[PDB]
Amino acid sequence: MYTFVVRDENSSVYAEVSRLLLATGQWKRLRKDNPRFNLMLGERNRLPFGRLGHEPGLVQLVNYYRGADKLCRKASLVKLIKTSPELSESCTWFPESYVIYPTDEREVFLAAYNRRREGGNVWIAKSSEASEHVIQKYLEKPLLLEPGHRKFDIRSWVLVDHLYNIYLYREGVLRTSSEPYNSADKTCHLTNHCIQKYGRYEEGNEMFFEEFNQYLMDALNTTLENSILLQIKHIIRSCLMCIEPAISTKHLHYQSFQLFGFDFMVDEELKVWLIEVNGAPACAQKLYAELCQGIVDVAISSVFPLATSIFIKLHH
Amino acid sequence: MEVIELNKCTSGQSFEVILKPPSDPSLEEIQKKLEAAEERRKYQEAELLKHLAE
Amino acid sequence: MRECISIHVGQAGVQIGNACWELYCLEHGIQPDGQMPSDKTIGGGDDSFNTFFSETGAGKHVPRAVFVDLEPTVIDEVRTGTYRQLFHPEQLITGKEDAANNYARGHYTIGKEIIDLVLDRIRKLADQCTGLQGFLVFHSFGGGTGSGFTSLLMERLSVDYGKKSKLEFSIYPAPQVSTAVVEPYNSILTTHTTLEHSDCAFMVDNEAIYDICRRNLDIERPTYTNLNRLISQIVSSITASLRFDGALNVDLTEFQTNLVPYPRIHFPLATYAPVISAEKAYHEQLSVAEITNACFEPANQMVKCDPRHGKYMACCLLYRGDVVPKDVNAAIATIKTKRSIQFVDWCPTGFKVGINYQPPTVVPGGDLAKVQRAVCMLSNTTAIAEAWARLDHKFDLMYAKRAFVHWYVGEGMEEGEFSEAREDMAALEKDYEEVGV
Amino acid sequence: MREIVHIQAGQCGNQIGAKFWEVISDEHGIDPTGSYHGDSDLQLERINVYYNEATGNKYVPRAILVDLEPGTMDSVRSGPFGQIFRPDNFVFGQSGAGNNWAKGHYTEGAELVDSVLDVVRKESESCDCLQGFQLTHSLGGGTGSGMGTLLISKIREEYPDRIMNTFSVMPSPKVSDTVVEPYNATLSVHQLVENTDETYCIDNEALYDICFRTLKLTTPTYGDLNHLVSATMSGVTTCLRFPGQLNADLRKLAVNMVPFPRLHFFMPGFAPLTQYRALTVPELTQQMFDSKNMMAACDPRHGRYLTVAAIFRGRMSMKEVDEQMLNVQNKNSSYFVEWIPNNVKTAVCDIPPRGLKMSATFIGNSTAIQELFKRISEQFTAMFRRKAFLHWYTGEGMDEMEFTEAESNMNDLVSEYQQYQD
Ligand SMILES: Nc1nc2c(ncn2[C@@H]2O[C@H](COP(=O)(O)OP(=O)(O)OP(=O)(O)O)[C@@H](O)[C@H]2O)c(=O)[nH]1
Ligand SMILES: Nc1ncnc2c1ncn2[C@@H]1O[C@H](COP(=O)(O)OP(=O)(O)CP(=O)(O)O)[C@@H](O)[C@H]1O
Ligand SMILES: COc1cc2c(cc1OS(N)(=O)=O)CCN(Cc1cc(Br)c(OC)c(OC)c1)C2
Ligand SMILES: Nc1nc2c(ncn2[C@@H]2O[C@H](COP(=O)(O)OP(=O)(O)O)[C@@H](O)[C@H]2O)c(=O)[nH]1
Ligand SMILES: [Ca+2]
Ligand SMILES: [Mg+2]
Ligand SMILES: [Mg+2]
Ligand SMILES: [Mg+2]
């Protein structure tokens, strides 16, 4: 059979992958500290990559890309986009951002804010007046779903295998709000399932793709693929092809794959904005089954075989 | 991309390529530890021979 | 003219020692009888090759070496080998009973009974030198002699030759070429005891030499002879400057000045290319750019690790064969844009380059093909600390249950030395993390 | 580390020791007269390990034969290779030991032990570099068990810095001689825990089961069991007797196989079990690790391996051997301890044993060996709680307390194996 270990009990996605692998009859789970394994479902923090690919006769695969946090840390993502000639800051899809410390950019953030304050502008910060971590411009003109006059965000799941093929899951989820947008309370401003809990328009405050594409047709005379999905596919390609030389395991002694969660924002001019890249994302209940099995089909069994597709291969 | 100190001869040459400027125990102490280990060995052997003696 | 003395300890040290000296004689035109028809100063001279060979009145060129082993099986190969006529019996030293893969047995029990004999044989070579530079020490981490006796010899050499430099060539242990389950114990004990006495040490992981011999030479089950003749090529390029005319790394002190900024972090990473199978009657000859590019591929370095996730402190490029500077600079400019080469902010981002016009020499009928140009890179990167963590973790697994510890205590060692040497390795791992951020 | 000194005591000890020399003399090309008529040189390169060389290019084993009655040593001197042994190295008495540990260890045996030590000293004094000693004996009788352990204690007193190795045969009710066998075996194990570096446990219950169930022998004989024992003994000394990359010796063996001083009782295994169709490499590995191929009646699936060592003989693929060993490890990794990295060692020898085109021999330090001591412990306590048959020993000067001690140390050993199994 094949051998795998489990090192993250809080993984809702791989809890199903480790359970689906056990339903194969050809995979068996070991103790979390057993060195002899083919596949590791490792821990989020301080994963010991340096101890992989040194066991004779073992082809070892892991569900994380070492060095992939440069894209998943808000402070390092900003730095990556500003200092990468492949992106060169001039990219048209990432909001103007600045990194500050409590080198620093406190001097350059206030400079561009002066040309802005004279006119309007409202910024946001996490980890209208500037006197009141990373700071980026708040999209004051989002796209609102009717009826309701509410905002939302789009979550896309992307899978990158050991060959660095980029697979975009066909099924997305819109994590919508319930309260009308008020550009004057922060419940109508932040789109999160936990903060929302509510559930008047759609169940769980999450609208899937077939419904949103029908809304775009009846309300805007366009399709989800033309108005939004093309841009999303471009951003996914651009970010992952940028760091490829830094994390690729093409000639390394072990192999990597990782599932990513891209969070996008759409404005009233049907322009797609990248908010952040999640390295440890969850999933929707109506999609836990199809996605997790796709992982095994394309990512796990692609290296460890056994006895249409749901992903869109983003060529490059 | 600067090259400096080119030294040629009949067997070859060498140089430097710069791309960016920059931003004991004594003999007795040894013998002391060595003789200490030999004593611990001698002690452990004396206990065995004393054990076999009983 | 300043002399260098080589010292080979244990099985690994002696066998690798044979490979190197065989190659030296080929590169310098010295036959197995010590005769050198190119030398015209018979009986003396101050040439570059005299740093490793002395001369007799009859015309023999004798290596400035000494071979030591606590058992005699391996050194008897030298006394009956092709180059037997090269060495003098006083240069070969053998015991009766090896260290049984036990550090404490090689350092304490058996080390104390033979240390003075070896120092007296070394003193005889030094006396015949006018301007001694230091010593080159070959040995293994995993063997009981290579780890336990080496650390005793390095302690005493510091005492008797306080001002002399000492370089190491060490073999890091790997299960693909394994010999004992306690190799992690011996590795830590000797690294802890040798550290303050070594000015610069080049580690070679047997897992890396094993994979290269399989991938590039198409050798299913590599042998020690295969491993060593590839390791000799690496050694010959690191010491070529001491034996040939040149201006880069012409004495042992230059290695520390150009590769070691911090004393404790003195383990440079070596990378070599091209390794081409001699079974191919023809193979495209790689260019300067191509072989330089391969110095940043993990599959070509002597210690498997990812330099992409570390920071550099120093870098040296040593070329042999048909190479001219113009091409070297073109390749360097090309590599700075393709790859990620990040130095520490308190070190210059440069490369020291040396070129020897004599192309690499290969053993006739061996496994390596003759090439027209080759390169060995020496870089002091923090990425090599991955190998310390791999090894430290295996030490922790066995020590938590005190497994096998009684074999060392029974030799006079105390349990406290285990945790002492282990805490030192923890400090070494911490020092790399401070430098790598 | 060169010369080994062999010793065989008692009936069982001298019968398996006899077959051992008969087997290896044949592998090295040494005829019954001590002359060499081989074809290769690999059989002469390390021959000094077990043989002395006499003038006239004769090879004489370095062995000492001991027994308290002459019956068994007479049959050896009249056997196939009886003429090969040095005449001086026959040391024996007349009273016998009556299957009584106390007689071999305290009364009858004490009179003869000094003479044995004189011969040992004579052999040791001629060794360029003596490794240690190996002893063959059973634990269920009197001479090999009671006097055998007395010798081990005395040899350790004169040669405390040499390795002590034994082949010890465990008693079983399925092949029993007397009802007091548990008494004798419990008293010997206590000694073995203290005074040996390595002990191969040859279980008579496992040998019987193999002959009955696998070899299809309805009524097995001691000859049948010793055929299995001699095959095992030849396999576990291959790396000592032939030139190889390994270059094994008794000290490196102990250093790499014994993580804790007391737990030095090994479980041996062999394959194939003795027709003209040679086995494939996958067949060897599979059989070698099966319970039906173990020489001690313990289920390895009831415990975990601390360390393992295996040798393959014949002309086979090293790549295929590696591919099969790494396969069994990674497919049964639940029965190996995690806290000893790389605890499975493999080696190959080009010379196959006589008759077979290739074979494989297995040495295991498993915690399942506790099932053997439990078995012997329960049999001991059932009699002891009624003081049954004790008069045979109290009549030799022993006290009840000495029994309570050996039993107590035996149970401690069982709980010590259970400690490292969890
Ligand atoms: N590359 C290479 N490695 C070797 C060679 N010989 C031994 N080794 C490695 O060295 C380690 C074993 O140490 P040895 O040098 O053989 O032991 P020793 O120094 O002779 O000390 P003892 O225990 O007394 O025998 C293992 O990790 C081997 O892989 C060799 O010729 N070439
Ligand atoms: N510049 C901006 N313009 C508009 N909305 C923004 C914004 N920055 C953040 N938001 C809103 O804030 C919400 C959460 O922000 P952010 O993603 O940084 O927090 P988070 O990372 O802890 C939750 P998640 O994992 O879903 O990204 C998003 O749903 C988004 O709608
Ligand atoms: C438990 O592991 C290890 C075991 C051993 C060594 C190293 C180890 O450690 S290791 N894996 O090299 O790191 C070296 C000494 N050797 C001796 C030996 C005697 C016999 Br016999 C054999 O025949 C069955 C054998 O096998 C062919 C080996 C045992
Ligand atoms: N395998 C094997 N076991 C034996 C042999 N002879 C005796 N035994 C066993 O050894 C035990 C008896 O010990 P024995 O050697 O006869 O007593 P001793 O002569 O006083 O040493 C019993 O458990 C027997 O089953 C033999 O040739 N082969
Ligand atoms: Ca000269
Ligand atoms: Mg989040
Ligand atoms: Mg050795
Ligand atoms: Mg009998």
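Throughout, chain D uses Swiss-Prot numbering, with the displayed residues spanning 1-274, 280-427 in order.
Looks like X-ray crystallography, 2.4 Å, at least that's what the header says.
Quick reminder: no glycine exception, Cβ is built from N, Cα and C everywhere.
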Given that Swiss-Prot assigns D:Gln11, D:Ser138, D:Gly142, D:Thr143, D:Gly144, D:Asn204, D:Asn226 to the GTP site, pick the one from D:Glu53, D:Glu69, D:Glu288 that the record assigns to that site as well.
D:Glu69
Would you mind telling me which of D:1-4, D:89-92, D:117-120, D:386-389 Swiss-Prot tags as motif 'MREI motif'?
D:1-4
If we skip the immediate neighbours and take only residues 6+ beyond the ends of the motif 'MREI motif' (D:1-4), which ones have a Cβ under 8 Å from one of its Cβ atoms?
48-50, 62, 127-134, 240, 249-251
D:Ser172 (phosphoserine) and D:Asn204 (GTP binding site), Cα-Cα, nearest whole angstrom:
6
Under 8 Å Cβ-Cβ from D:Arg318 (omega-N-methylarginine), six or more apart in the same chain: what's there?
D:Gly235, D:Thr238, D:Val353, D:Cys354, D:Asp355, D:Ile356, D:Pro357, D:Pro358, D:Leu361, D:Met363, D:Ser364, D:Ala365, D:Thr366
Most Cβ neighbours within 10 Å: which of the recorded positions D:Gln11, D:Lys58 is it?
D:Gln11
What whole-number Å value do you get for the CA-CA distance of D:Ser40 (phosphoserine) and D:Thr143 (GTP binding site)?
40
What residue among the recorded positions D:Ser40, D:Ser138, D:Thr143, D:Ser172, D:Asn226 has the most other CB atoms lying within 10 A of its CB?
D:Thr143
For the recorded positions D:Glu69, D:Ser138, D:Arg318, D:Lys324, which ones lie near chain C, with a CB less than 8 A from one of its CB atoms?
D:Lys324
Of the recorded positions listed here (D:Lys58, D:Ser172, D:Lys324), which is spatially closest to D:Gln11 (GTP binding site) when Cα positions are compared?
D:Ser172
Please list, in sequence order, those recorded positions from D:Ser40, D:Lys58, D:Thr143, D:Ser172 with the Cβ less than 6 Å from ligand 4.
D:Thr143
Under 8 Å by Cβ from D:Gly142 (GTP binding site), same chain, sequence gap 6 or more:
D:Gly10, D:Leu68, D:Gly96, D:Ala97, D:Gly98, D:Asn99, D:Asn100, D:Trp101, D:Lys103, D:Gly104, D:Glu108, D:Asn184
Look up D:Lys324 (ubiquitin cross-link) in the DSSP assignment and report helix, strand or coil.
helix
